[PDB]
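Novice: Take these chains first, placed just as they are in the complex:
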Amino acid sequence: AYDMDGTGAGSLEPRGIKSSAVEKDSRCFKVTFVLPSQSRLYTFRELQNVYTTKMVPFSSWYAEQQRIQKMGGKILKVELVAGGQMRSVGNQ
Amino acid sequence: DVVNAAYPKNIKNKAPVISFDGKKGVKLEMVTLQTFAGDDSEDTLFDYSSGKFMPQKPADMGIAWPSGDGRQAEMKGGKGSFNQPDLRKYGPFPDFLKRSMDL
């Protein structure tokens, strides 16, 4: 279901990205960032634009924001376009 | 500078305040009569800060991030022997933007 079942350290599925997203979450951000690949010079793949602006969901913004810095990216701006704040019920 | 020993610690004592209170005597007082003061200085004598303090953030280094590439903002240590100079200049840059020398 959601990503906070009881998993933490020392648990059977591997220790990973745990987001505070509810059941079928409907909140999503509008993020903007550059993310240079830092791996094209030994792979020699084709090049793709690294400056992107896209709507990521609340269910997986934290994983994406945690990963964009993994590969040296810089986050220029993020906002919560869709969803409420301090909302107990209704994020579903 | 305090050259004011000619004005000693009886400084702004203001002797001639005179209150006649009718046709009678003059009743001379000695009242100091301070101003609309305020004595404006910075960094006073004590701390006056009881907790609630994390205000410090480093300076903006442009578009890189703060304090990351200060390799152009350093002193110097070495140079080397066989370095030979350059023909075109393309004058000095805001720190080769985001990747460091250890990219």
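Specialist: Cool, the structure landed. Numbering: from 1, shown residues only, chains lettered A, B, ... in the order given.

Novice: ok, whichever residue of chain B sits closest to chain A to residue B:60 distance?
Specialist: Proximity of chain B to chain A (CB to the nearest CB) peaks at residue B:98, 6.3 Å away. Where C-beta positions appear, they are placed from N, C-alpha and C, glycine not excepted. Residue B:98 sits 14 Å away from residue B:60, taking CB to CB, to the nearest Å as the criterion.

Novice: can you check residue A:83 too?
Specialist: 31 Å.

Novice: if you count what's nearby, which of these two comes out ahead?
Specialist: Set side by side, residue A:83 and residue B:60 show unequal neighbour counts under other CB atoms under 10 Å in any protein chain shown, the larger going to residue A:83 at 15 against 10.

Novice: Now do the contacts for that one.
Specialist: Residues touching residue A:83, when contacts are defined by CB atoms under 8 Å, 6 or more residues apart in numbering or on different chains, comprise A:26, A:27, A:28, A:58, A:91.

Novice: Need phi/psi at the fourth one.
Specialist: This means residue A:58. Here is the backbone geometry of residue A:58 (degrees, to the nearest 10): phi -70, psi -30.

Novice: cool, and the last one?
Specialist: Backbone torsions for residue A:91, taken as degrees, to the nearest 10, come to phi -70, psi -20.

Novice: what about it, how many residues close to it?
Specialist: Residues lying near residue A:91 (other CB under 10 Å) number 16.

Novice: Helices of chain A, start to end?
Specialist: Assigned helices in chain A, in chain order: A:40-43, A:61-68 (criterion: DSSP state H).

Novice: hang on, the earlier thing: quick check: the closest residue to the residue of chain B closest to chain A other than its chain neighbours vs residue B:96, distance?
Specialist: Residue nearest to residue B:98 in three dimensions, not counting chain neighbours: residue B:64, with 5.5 Å by CB to CB, 6 or more residues apart in numbering or on different chains. When CB to CB is applied, the distance between residue B:64 and residue B:96 equals 9 Å.

Novice: then add chain C to what we have above:
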Amino acid sequence: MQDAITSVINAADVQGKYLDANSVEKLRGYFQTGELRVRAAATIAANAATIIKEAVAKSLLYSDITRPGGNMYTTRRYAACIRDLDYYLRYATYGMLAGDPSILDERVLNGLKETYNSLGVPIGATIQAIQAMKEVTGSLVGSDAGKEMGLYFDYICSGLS
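Specialist: One more piece, chain C, placed on the ones above:
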């Protein structure tokens, strides 16, 4: 992502010169504290859950952010906190070993205060949690090691402010 040795090599390399006496002078200063940082990072790894449990109970456990309407009411929202406080105590451990706070703003600080404003997370209560977490961290690792680990906590609190 540079440590003290990476930052020393970068500044000495960025001028194209060798590692002179001043560059190695700081490097020797870092190697002297190399023994202190590992033991500091040792005990913090052991008492990670205990430190975070001590900070929240000492700073924001019973305040009305904990009660209904406060910013930390629902169990998903409470569970996000100790998940969130774990990064501050963890990344501060990395800065304490690397001896350079470059990893914090690279992986924590950028887009952080801009993110809490989006969610509506109170930055005021966040810093006091980290300040209380800094206070308990000085308990475990000692005074000077707490001075080292504490030097990166307020770096997070400063930039997050």
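
Novice: try the neighbour count of residue A:91 again now we have chain C.
Specialist: Residue A:91 sits with 18 neighbouring residues when counted by other CB under 10 Å.

Novice: residue contacts, it?
Specialist: With contacts defined as CB under 8 Å, 6+ apart, residue A:91 is in contact with A:22, A:25, A:26, A:27, A:58, A:83, A:84.

Novice: for those residues, which one is nearest residue C:40?
Specialist: Proximity of those to residue C:40, judged by CB to CB, is greatest for residue A:58, which lies at 35.7 Å.

Novice: Run the chain-centre distance for stretch C:123-131.
Specialist: Relative to its parent chain, stretch C:123-131 has a centroid offset of 12 Å by CA atoms, centre = their mean, to the nearest Å.

Novice: Kindly report the same for stretch A:59-68.
Specialist: How far stretch A:59-68 lies from its chain's middle: 2 Å, per CA atoms, centre = their mean.

Novice: Is chain C within reach of it?
Specialist: Yes - taking CB under 8 Å from any CB of the partner chain as the criterion, stretch A:59-68 and chain C are in contact, through residue A:65.

Novice: So is that stretch next to chain B?
Specialist: No - judged by CB under 8 Å from any CB, stretch A:59-68 makes no contact with chain B; its nearest approach is 13.1 Å.

Novice: can I have that stretch written out in PDB, keeping just the CAs?
Specialist: Taking Å, rounded to 0.1, in the frame of the first residue of the first chain, the C-alpha atoms of stretch A:59-68 are listed here in PDB:
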ATOM      1  CA  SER A  59       3.800  10.100  -3.900                       C
ATOM      2  CA  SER A  60       7.200  10.100  -5.500                       C
ATOM      3  CA  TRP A  61       8.600  13.700  -5.300                       C
ATOM      4  CA  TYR A  62      10.800  12.800  -2.400                       C
ATOM      5  CA  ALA A  63      12.400   9.900  -4.200                       C
ATOM      6  CA  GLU A  64      12.900  12.100  -7.300                       C
ATOM      7  CA  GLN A  65      14.200  15.000  -5.300                       C
ATOM      8  CA  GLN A  66      16.400  12.600  -3.400                       C
ATOM      9  CA  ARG A  67      17.700  11.200  -6.700                       C
ATOM     10  CA  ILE A  68      18.200  14.500  -8.600                       C
END
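
Novice: then chain D, please:
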Amino acid sequence: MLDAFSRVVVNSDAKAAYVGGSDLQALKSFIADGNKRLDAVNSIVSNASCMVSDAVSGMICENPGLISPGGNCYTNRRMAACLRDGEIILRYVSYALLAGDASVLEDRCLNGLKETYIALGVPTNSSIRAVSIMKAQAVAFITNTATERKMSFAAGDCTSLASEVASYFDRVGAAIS
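Specialist: With chain D now in place:
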């Protein structure tokens, strides 16, 4: 008006009760005479609707050429603007009396005012008379020595607050001279 002191915040989710890093030391120390100051601004702004009509008509009855045809207060657009400039000056003096410094007076009100009046053909030698009536009006209220209106106060002294507000009114009048 509400920047002229410092409130303290006590609740959570504020990011000034915890992370703000400063109590305003120059403005916590201005409520240390602040009951005396708030009564002094209450003397002016409860009489400012009477102060601006007395001062503008004071320079009409001392110089009758302003309501002459060809004078600068003849038309009804100009008579309304001369009453508006007296009230706006009296509010920004009452900012600077309340805030305790004349920085807000010389930024919003006095900055570029002498260049305004000589571009509009406003007479400056008569305009400083209308400020100096309000200098003489405001010291009568703060010392409570006005003739036809007294106000109840607590017992004490209010010199160097009438003397403070006399230091703002010439500062207006020398910036427009």
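
Novice: What about the neighbour count of residue A:91 again, now that chain D is present?
Specialist: With neighbours defined by other CB under 10 Å, the count for residue A:91 comes to 18.

Novice: same check, this time on residue D:73
Specialist: 22.

Novice: Which residue is the nearest non-sequential neighbour of residue C:87?
Specialist: residue C:108 (6.6 Å).

Novice: Surely that neighbour touches residue C:153?
Specialist: No - because the distance of 11.6 Å does not satisfy CB atoms under 8 Å, residue C:108 is recorded as not touching residue C:153.

Novice: For the residue nearest to residue C:87, give me its contacts.
Specialist: Residues touching residue C:108, when contacts are defined by CB under 8 Å, 6+ apart, comprise C:87, C:88, C:91, C:156.

Novice: Run the chain-centre distance for the helix or strand in which the third one is found.
Specialist: Just to be clear, that refers to residue C:91. Secondary-structure element containing residue C:91, defined by DSSP states H and E: helix C:75-98. When distances are taken as CA atoms, centre = their mean, helix C:75-98 is centred 8 Å away from the chain's centroid.

Novice: for it, packing partners?
Specialist: Under the contact criterion of 3 or more CB pairs under 8 Å, 6 or more residues apart in numbering or on different chains; DSSP states H and E, the helices and strands touching helix C:75-98 comprise helix C:34-46, helix C:48-59, helix C:102-104, helix C:123-141, helix C:143-160.

Novice: Check which residues of it are buried.
Specialist: C:76-81, C:83-86, C:88-89, C:91-98 (16 or more other CB atoms under 10 Å in any protein chain shown).

Novice: Please, where are all the strands along chain A?
Specialist: Assigned by DSSP state E, the strands in chain A fall at A:28-34, A:51-57, A:74-82.

Novice: Nearest to chain D among the ones you listed would be which one?
Specialist: Among the strands of chain A, the nearest to chain D by CB to the nearest CB is strand A:74-82 (16.5 Å).
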